[PDB]
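Please read the structure below before turning to the comments.
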Amino acid sequence: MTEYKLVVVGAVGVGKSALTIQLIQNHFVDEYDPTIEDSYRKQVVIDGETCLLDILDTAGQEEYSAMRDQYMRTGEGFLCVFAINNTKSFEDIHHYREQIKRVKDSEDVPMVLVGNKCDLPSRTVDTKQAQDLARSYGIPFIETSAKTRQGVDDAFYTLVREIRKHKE
Ligand SMILES: C#Cc1c(F)ccc2cc(O)cc(-c3ncc4c(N5CCC[C@@](C)(O)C5)nc(OC[C@@]56CCCN5CC(=C(F)F)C6)nc4c3F)c12
Ligand SMILES: Nc1nc2c(ncn2[C@@H]2O[C@H](COP(=O)(O)OP(=O)(O)O)[C@@H](O)[C@H]2O)c(=O)[nH]1
Ligand SMILES: [Mg+2]
């Protein structure tokens, strides 16, 4: 197996847990303890490669430590998640990218921008806005629904592809 260490980041309530559990366990959790942080492992084939995905679903308080810095820099690629009905979560993306670039000490870290909850009727964050930000960082952008499972496999598999590209 090729191992890939993925970290899922973004504001409380954007659906980091629901995206992870949809990929790992194939069901939608309506309630998942917002404070619970953990890593989940999944064997999957991506473009014919047998991959062991090790996925950190981030949680807890805004706390900076040498320990947390160390845990975060073991990530090889980052899923940067906002909700399409949460303007603040979209505005917070830059902050998360800056903390990733800081602990990785690099301007090129594999990353995918994810707009989650695309099943929801009214959006406050337009696809074009998110596309614009993705093009600026030079990363892929995908809209997902942890609820319907739309885009979920594609989001994680696209991040693995970015990590492969980075390896060259
Ligand atoms: C996240 C993250 C994170 C990385 F992506 C990379 C390296 C990190 C190193 C660290 O020591 C700490 C973090 C980290 N951990 C938690 C974090 C955390 N919490 C509270 C909300 C939910 C959570 C799961 O994101 C955990 N929250 C934030 O920023 C939240 C905002 C909202 C209030 C003001 N904060 C600053 C901000 C902006 F836009 F300026 C967004 N950062 C965290 C962080 F950088 C790193
Ligand atoms: N409608 C809808 N609700 C979602 C989606 N993803 C997550 N949720 C809900 O949004 C809330 C927060 O999700 P959670 O995964 O706990 O967010 P986290 O704090 O980022 O882990 C929960 O009530 C979830 O059921 C989605 O794609 N569509
Ligand atoms: Mg969660």
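If you go along the chain as it appears here, the first residue is 1 and each next one adds 1.
The backbone N, Cα and C atoms fix where each Cβ goes, and this holds for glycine too.
The annotation N-acetylmethionine is assigned in Swiss-Prot to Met1 on the grounds of experimental evidence. Feature annotation from Swiss-Prot assigns N-acetylthreonine to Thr2; the stated evidence is experimental evidence. The motif 'Effector region' annotation in Swiss-Prot covers 32-40. For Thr35, the entry in Swiss-Prot reads (Microbial infection) O-linked (Glc) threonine. Taken from Swiss-Prot, the feature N6-acetyllysine applies to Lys104, supported by experimental evidence.
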Given the recorded positions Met1, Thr2, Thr35, find the one whose Cα is closest in space to the Cα of the residue listed as 'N6-acetyllysine'.
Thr2
Measuring CB to CB from the residue listed as 'N-acetylthreonine', give everything in the same chain under 8 Å that is also at least six residues away in sequence.
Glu49, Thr50, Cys51, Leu52
Can you break down the motif 'Effector region' (32-40) into helix, strand and coil residue counts using DSSP?
0 helix, 3 strand, 6 coil
Per DSSP, the residue listed as 'N-acetylthreonine' is which: helix, strand or coil?
strand
Check the residue listed as 'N6-acetyllysine' against DSSP and tell me helix, strand or coil, would you?
helix
Which one, from the recorded positions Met1, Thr35, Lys104, has the smallest tally of other C-beta atoms lying within 10 Å of its C-beta?
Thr35
